[PDB]
Chemist: 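Mind having a look at this structure? Questions to follow.
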Amino acid sequence: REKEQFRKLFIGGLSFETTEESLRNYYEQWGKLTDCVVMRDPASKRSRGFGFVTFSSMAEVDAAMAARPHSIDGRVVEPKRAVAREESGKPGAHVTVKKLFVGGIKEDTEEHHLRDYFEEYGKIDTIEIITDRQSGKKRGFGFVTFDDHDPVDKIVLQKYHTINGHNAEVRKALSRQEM
RNA sequence: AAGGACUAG
């Protein structure tokens, strides 16, 4: 079995009517849930409008996310790979973006290496290898833009990736202000 | 629309 963080979705924009039974019933169409929670105010027990579901495998998670959009109790819900509590509060931790920064790729990594590595995670719209305008030389990083945010969210659960023989690193692409 | 905990031997 895989790490729990890799099996967990945050589910945003729940109806205040949605319960753990109705959330469980819905998400159980893509696999077994080992945990299901709707967050509630501790005194009023009023729903806070989000919860989490945890599948028995990451393949189940992927199967659910391949079947978006999701709706429960008449609301279109907003599932997202769960961001670990340690990460929450770091700059850009909860951003929703289609673009991924790939660093540590040095000077021999081309567009086609990023394509071949990343296209299993989703549909790629654009790849940009960054070069120094003056020297022409690759600067050791690039950006991969997918057609959806979910590939980016999935990829960045794992910080370190071997890419083209390098010890590469992935980050969600941020504007300078989100940084 | 960002975490509830049989999370005190």
Side-chain angles (χ1 to χ4, degrees), chain A residues 1-103 118 121-125 143-161 168-179:
Chain A
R1 190 168 268 173
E2 304 148 306
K3 285 173 149 162
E4 185 181 60
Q5 213 63 54
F6 293 179
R7 293 191 281 112
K8 193 170 210 181
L9 293 171
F10 171 90
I11 312 298
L14 301 181
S15 171
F16 301 122
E17 313 313 323
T18 296
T19 55
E20 299 159 345
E21 25 279 281
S22 82
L23 187 63
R24 175 167 276 284
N25 202 79
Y26 186 73
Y27 278 106
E28 266 173 356
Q29 80 195 82
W30 299 287
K32 178 201 295 169
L33 299 186
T34 59
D35 184 50
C36 184
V37 63
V38 171
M39 266 59 194
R40 289 166 182 87
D41 176 83
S44 67
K45 289 134 15 58
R46 186 200 186 251
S47 166
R48 299 172 52 195
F50 68 100
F52 296 84
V53 296
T54 303
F55 282 97
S56 66
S57 70
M58 187 182 350
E60 292 168 348
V61 183
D62 293 333
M65 293 304 278
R68 285 174 293 153
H70 295 160
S71 63
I72 301 177
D73 301 323
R75 303 279 189 287
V76 180
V77 299
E78 290 187 50
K80 304 207 141 63
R81 316 273 171 162
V83 185
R85 182 159 68 170
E86 179 182 345
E87 304 312 314
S88 302
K90 290 175 187 171
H94 297 146
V95 289
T96 296
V97 300
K98 300 183 176 161
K99 195 185 210 182
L100 184 78
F101 173 96
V102 184
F118 287 109
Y121 293 90
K123 196 282 185 95
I124 296 166
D125 285 342
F143 298 91
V144 177
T145 308
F146 293 87
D147 80 340
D148 189 55
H149 70 86
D150 190 50
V152 174
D153 298 328
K154 179 183 183 178
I155 286 161
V156 305
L157 294 173
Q158 183 195 139
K159 186 182 194 182
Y160 299 126
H161 294 248
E169 178 180 320
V170 298
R171 314 171 183 162
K172 300 191 142 108
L174 302 182
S175 56
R176 202 234 285 98
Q177 209 172 249
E178 283 150 345
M179 292 169 82

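Letters A, B, ... mirror the listed sequences (proteins, then strands); counts begin at 1. Any value given below was found using the heavy atoms of this structure, including those in side chains, with hydrogens, waters and symmetry copies removed.
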Chemist: Starting from the 5' end of RNA chain B, give me the residue, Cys36(A) or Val77(A), whose nearest nucleotide shows up first.
Modeler: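 So the residue in question is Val77(A).
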Chemist: Quiz question: going by heavy-atom distance under 3.5 Å, is there a donor-acceptor pair between the base of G3(B) and the side chain of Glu4(A)?
Modeler: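 Result: no qualifying N/O pair found.
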Chemist: Which is true for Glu87(A) with a 4.0 Å heavy-atom rule: it touches a base, it touches only sugar-phosphate, or it touches nothing?
Modeler: nothing
Chemist: Not counting sequence neighbours, which residues clear salt bridge (charged side-chain N to carboxylate O under 4.0 Å, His left out) with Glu169(A)? List them please.
Modeler: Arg171(A)
Chemist: Where along residues 37-51 of chain A does a heavy atom come under 4.0 Å from RNA chain B, residue by residue in number order?
Modeler: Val37(A), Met39(A), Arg48(A), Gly49(A), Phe50(A)
Chemist: Using whole Å, report how far CZ of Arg85(A) lies from P of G4(B).
Modeler: 7 Å
Chemist: Could you list all the ring-ring contact (aromatic ring centres under 6.0 Å, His included) pairs where at least one residue sits in residues 54-76 of chain A, not counting sequence neighbours?
Modeler: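 Every ring-ring contact (aromatic ring centres under 6.0 Å, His included) pair that includes a residue of residues 54-76 of chain A, provided the two are not neighbours, is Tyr26(A)-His70(A), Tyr27(A)-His70(A), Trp30(A)-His70(A).
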Chemist: My understanding is that only residues two or more places apart in sequence, or in another chain, count here; which of them pass ring pair (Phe, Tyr, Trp, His ring centres under 6.0 Å) with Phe16(A)?
Modeler: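 Checked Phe16(A) against ring pair (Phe, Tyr, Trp, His ring centres under 6.0 Å); zero matches.
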Chemist: Mind running a 4.0 Å heavy-atom check of residues 61-72 of chain A against RNA chain B and sending the residues that fall below it, in number order?
Modeler: none
Chemist: Which part of the nucleic acid, if any, lies within reach of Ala93(A) when heavy atoms closer than 4.0 Å are counted: base, sugar-phosphate only, or nothing?
Modeler: nothing
Chemist: Rounded to whole Å, how long is the line connecting atom CG of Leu33(A) with atom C1' of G4(B)?
Modeler: 16 Å
Chemist: Can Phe10(A) be called stacked on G3(B) when the rule is centres closer than 5.5 Å and an angle between planes below 30°?
Modeler: no
Chemist: Find the distance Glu20(A):CD to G4(B):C1' and express it as a whole number of Å.
Modeler: 9 Å
Chemist: At what distance, to the nearest 0.5 angstrom, does CG of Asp73(A) lie from CD of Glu17(A)?
Modeler: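 Separation between the atoms: 7.5 Å.
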Chemist: Do side-chain atoms of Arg75(A) reach the backbone of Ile72(A) as a donor and acceptor pair under 3.5 angstrom?
Modeler: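 Looks like no, no N/O pair under 3.5 Å.
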Chemist: With no hydrogens and no angle check, is any side-chain donor or acceptor of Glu60(A) less than 3.5 Å from a backbone partner on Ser56(A)?
Modeler: yes
Chemist: Starting from P on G3(B), measure out to CG on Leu9(A) and report it in whole angstrom.
Modeler: 17 Å
Chemist: Need one value for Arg81(A): base, sugar-phosphate or nothing, where a base atom within 4.0 Å counts as base even if backbone is also close, heavy atoms only.
Modeler: base
Chemist: Can you tell me which residue pairs pass the salt bridge (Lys or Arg N to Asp or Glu O under 4.0 Å) test with a partner in residues 25-52 of chain A, sequence neighbours excluded?
Modeler: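 Passing the test, one end in residues 25-52 of chain A: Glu20(A)-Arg40(A), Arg24(A)-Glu28(A).
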Chemist: Could you tell me the separation between the CD1 atom of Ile11(A) and the P atom of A2(B), rounded to a whole number of Å?
Modeler: 13 Å
Chemist: Taking atom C1' of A2(B) as reference, at what distance in whole Å does atom NZ of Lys8(A) sit?
Modeler: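 For the pair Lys8(A) NZ and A2(B) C1', the rounded distance is 10 Å.
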Chemist: State yes or no: are the ring centers of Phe50(A) and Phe10(A) separated by less than 6.0 Å?
Modeler: yes
Chemist: Between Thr96(A), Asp150(A), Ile11(A), which is the residue that forms a side chain to side chain contact (heavy atoms under 4.5 Å, CB included) with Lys80(A)?
Modeler: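 Only one option passes, and that is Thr96(A).
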Chemist: Over how many whole Å does the gap from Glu86(A) atom CD to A2(B) atom P extend?
Modeler: 19 Å
Chemist: Please report the distance, rounded to the nearest Å, between CZ in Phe52(A) and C1' in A1(B).
Modeler: 10 Å
